Structure formats: C-alpha cells, structure tokens
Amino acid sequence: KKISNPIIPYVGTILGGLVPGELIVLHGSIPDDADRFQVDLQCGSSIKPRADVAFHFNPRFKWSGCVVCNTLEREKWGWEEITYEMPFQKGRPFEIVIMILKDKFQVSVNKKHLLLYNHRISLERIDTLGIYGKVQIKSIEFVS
C-alpha cells in the first residue's frame, strides 16, 4: 500500500514483500537538528527479541556525514559497510529510491546513485519496513 505522512517511528508490513525489479520510493525531509535516521527492511516487528534487519540504511550527519549499512541477525550487528558521502541535508526534502535486485539493493538519493549492498539475508524473508530517528516522511510507495 501507498502510505502518506506516516507516523514516525514507522513500522509497517510490506504487502507481498519484495521481489527483484521493484522499487521502494520514499519522499521525506530532514529536520534542522537531525543527528541520524534509519530505514530498516526487517523480518517482522518483534522488539524482544529484536526483529532481524536484512538491510539497515543509516545516514549519520556527524562531521562530514556518512551512510552506514548493515544487517542485524539474531540480535547482533554484522560488519558495517560505510559510504563516506552525505546526500541528505538538514532542513531539506529528499527522495530515496531503493531498487531491489537479485544480488543487491541499489540506493539512489535525489536521483543520484549512492550505494550498493549485497544481500546477507534472503529477500523473501523481508516483510516489514521500519523508519526511525530524526526524519519526516511524506510518502512511501512500492513500485512494481
């Protein structure tokens, strides 16, 4: 389903899960005082024990800024993949597009390539989208 101005923190089921070729399109904005936010593609929404996170996409505004990606499995974070770019800007709107491929997620921000991330958890296990932190979201759309 298309989601408009969701409640942040957002935790919602992804109807039909994800398949290769599909896009997750997020329109949102960053508050003036943001420190970080994250978009998590999860297996369920359990809090204790904490739901596995197949893909954690985590922009951090400190210093020059970076984006940390990782996977949480059995309540433990794996090895981080850090992209030392920061396309997000405080006080500004953004578009994130996550392209789902057989081997990787490919992420663009504001129609510019940002990063690739190899799957660590099988794609079919993802059933939940989580968005947390200092971020506002105008819309979430899943494109077939």
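Numbering starts at 1 and runs along the sequence shown.
**Q** If you average the Cα B factors in the entry, which is higher, 95-103 or 45-53?
**A** Averaging CA B-factors over each stretch, the winner is 45-53.
**Q** Is the mean CA B factor in the deposited entry higher across 130-138 or across 8-16?
**A** Per the PDB entry, the higher value belongs to 8-16.
**Q** Per the PDB entry, which option out of 86, 116, 39, 68 has the greatest Cα B factor?
**A** By C-alpha B-factor in the record, 86 ranks first.
**Q** Out of 76, 111, 60, 27, which shows the largest CA B-factor listed in the entry?
**A** In the PDB entry, the greatest C-alpha B-factor among 76, 111, 60, 27 is found at 76.
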